[PDB]
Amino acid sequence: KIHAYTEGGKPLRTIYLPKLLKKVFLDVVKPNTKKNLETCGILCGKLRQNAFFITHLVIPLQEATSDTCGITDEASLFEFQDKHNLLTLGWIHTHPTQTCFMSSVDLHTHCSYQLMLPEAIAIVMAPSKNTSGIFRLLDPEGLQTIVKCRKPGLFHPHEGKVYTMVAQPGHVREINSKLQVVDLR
């Protein structure tokens, strides 16, 4: 049926995303969102028949600021994913007041994810705007730009095209599948 390719023609395996995930994520992190602090969650799941299924939304230990949400204990996160045989398929986070886009920090963060899994996605929720989007870096050009970037500062510009909205339903398909949420906090 429908399938996708990176900018360099590499095929992307489909990621099945439970439709309930976005709302459920906002619910679970609402106390932070109410204080205008970002929160992230990890999109975890399994590979079955050449497709990925997101099965678990994992909220890791993290430190929340108004415009960043870095993980503060990778150990407990990775220990959990290993125990339950969960692959990292991407991540989701909030912009409590801003619009839906990928920030400078978001692009640098996502580079790690997409380096390990070509299909890796970044879901950005902008609840004060009631918008959301699902993004990835251009591959190879965007990953290259981010890897070569040595600009100081958390929030610096990047020139050229760096990222794009993902292909739906080819790359990412939202379906009625089950979801388990794990709060490690």
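One rule holds for the numbers: they count along the sequence shown, beginning at 1.
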* **Mean C-alpha B-factor comparison - 117 to 125 and 140 to 148, higher one** => 140 to 148
* Between the two ranges 151 to 159 and 25 to 33, the one averaging a larger CA B factor in the entry -> 151 to 159
* To do: Kindly indicate the residue among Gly133, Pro60, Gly70, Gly45 with the greatest C-alpha B-factor in the PDB record.
  => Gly70
* State the tercile, meaning the lowest, middle or highest third, of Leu86 with respect to the CA B-factors recorded for its chain. => middle
* Asked: Once the chain's modelled residues are ordered by C-alpha B factor and cut into thirds, is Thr39 in the lowest, middle or highest one?
  -> lowest
* Structure fact -> Tertile call for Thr65 (CA temperature factor, within chain, third-based) is the middle
* Structure fact -> Chain thirds by Cα B factor, record data; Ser112 belongs to the middle
* Asked: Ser103: which third of its chain by C-alpha temperature factor?
  -> middle
